[PDB]
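In: So I've got this experimental structure, pasted below with the sequence.
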Amino acid sequence: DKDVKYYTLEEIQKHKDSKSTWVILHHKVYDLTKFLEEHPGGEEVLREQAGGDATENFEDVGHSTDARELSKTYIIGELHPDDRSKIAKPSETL
């Protein structure tokens, strides 16, 4: 609509005890407030994280057989580069 507006990490983790929330694909934001009712499966969408917090594919099934990832009709912007791990160090959680 205008341009990729990046949101700080505090803006992405601000939704939780309300109703609508977004998700991160390692470098993007996903306003999926409508996905909560756009794809009703087995509560497996917007809740697939465990390996160091990672969401490879969270698209349930039912919408015309195994459909493709709808990563485009539910995105709002990208992740601010100030938090992206590609400036000073790469990673370190040991």
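Out: Sure thing, it's come through. Numbers count the residues shown, from 1 in each chain.
In: Just the endpoints, please. Distance across stretch 41-56?
Out: 17 Å (C-alpha to C-alpha, to the nearest Å).
In: Need the residues that contact that stretch.
Out: Residues outside stretch 41-56 that contact it (C-beta atoms under 8 Å, 6 or more residues apart in numbering) are 21, 23-26, 32, 35-36, 39, 57-62, 93. C-beta: built from backbone N, CA, C; applies to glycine.
In: same question, stretch 73-88
Out: With C-beta under 8 Å, 6+ apart as the criterion, stretch 73-88 contacts 4-9, 12, 22, 24, 27-32, 34-35, 38, 91.
In: and that stretch, how far from the chain's centre?
Out: Taking C-alpha atoms, centre = their mean, to the nearest Å, one finds stretch 73-88 lying 11 Å from the centre of the chain it belongs to.
In: Kindly export it (C-alpha atoms) in CSV.
Out: The C-alpha coordinates for stretch 73-88 follow below in CSV (Å, rounded to 0.1, in the frame of the first residue of the first chain):
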residue,chain,number,x,y,z
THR,A,73,-2.0,-11.9,2.0
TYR,A,74,-1.3,-11.6,5.8
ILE,A,75,2.0,-9.5,6.0
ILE,A,76,2.1,-5.9,7.3
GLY,A,77,5.8,-5.0,6.9
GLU,A,78,9.3,-6.3,7.7
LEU,A,79,11.5,-6.5,10.9
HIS,A,80,13.6,-3.5,11.8
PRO,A,81,17.3,-4.0,10.8
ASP,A,82,18.5,-2.7,14.2
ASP,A,83,17.4,-6.1,15.6
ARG,A,84,18.3,-8.3,12.6
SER,A,85,21.3,-10.6,13.4
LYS,A,86,23.5,-9.5,10.4
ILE,A,87,25.3,-6.3,11.5
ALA,A,88,27.7,-6.9,14.4
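In: Same question for that stretch: list its buried residues.
Out: Residues of stretch 73-88 classed as buried: 74-79 (neighbour count, 16 or more other C-beta atoms under 10 Å).
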